[PDB]
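Just the one chain here, laid out as structure tokens, in the form deposited in one PDB entry.
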């Protein structure tokens, strides 16, 4: 059972990039578990692919904490995080709920 939400992300400087990210959320209900009751999905299931470039993925999946701006209006509002990853500055807009 499916849901989705969209992010945006872009870097600065020479060779700057700009991506849309559609996060497709799938509810797996109650999957099979081991003893104790632990799930090990990275090893159980096949990942999607082919992968985007390495540095783009590291940047999107970076922790960054400091919400530094709020974009958009009304019901479609986005939190901006602003961070560097090895000399490259990134901006990442995340949908923020109510």
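Just so we're on the same page, rigid core means the largest C-alpha set that superposes within 1.5 Å between forms. Numbering follows the first chain given and starts at 1.
Highest mean C-alpha temperature factor of the two stretches 37-45 and 60-68, which is it? The stretch with the larger average C-alpha B-factor is 60-68.
Tell me which stretch has the larger mean Cα B-factor in this entry, 83-91 or 18-26. Looking at the recorded C-alpha B-factors, 83-91 comes out higher on average.
For residue 52, return the chain-relative third of its C-alpha B-factor as stated in the PDB record: lowest, middle or highest. Residue 52: CA B-factor falls in the lowest third of its chain.
There is another form of this protein, the form deposited in another entry, and it is not shown here; the text below is about that form.
When the rigid core of both forms is overlaid, which of 48, 33, 67, 54 is the one whose C-alpha moves 2 angstroms or more between this form and the one not shown? So the residue whose C-alpha moves 2 Å or more is 33.
Pin down for me whether the residue 23-residue 43 Cα distance shrinks or grows in the other form relative to this form (closer or farther, change of 3 Å or more). Nearer in the other form, by 3 Å or more.
Where do residue 42 and residue 61 end up in the other form, Cα atoms closer or farther than shown, with a change of 3 Å or more? Relative to this form, farther apart in the other form.
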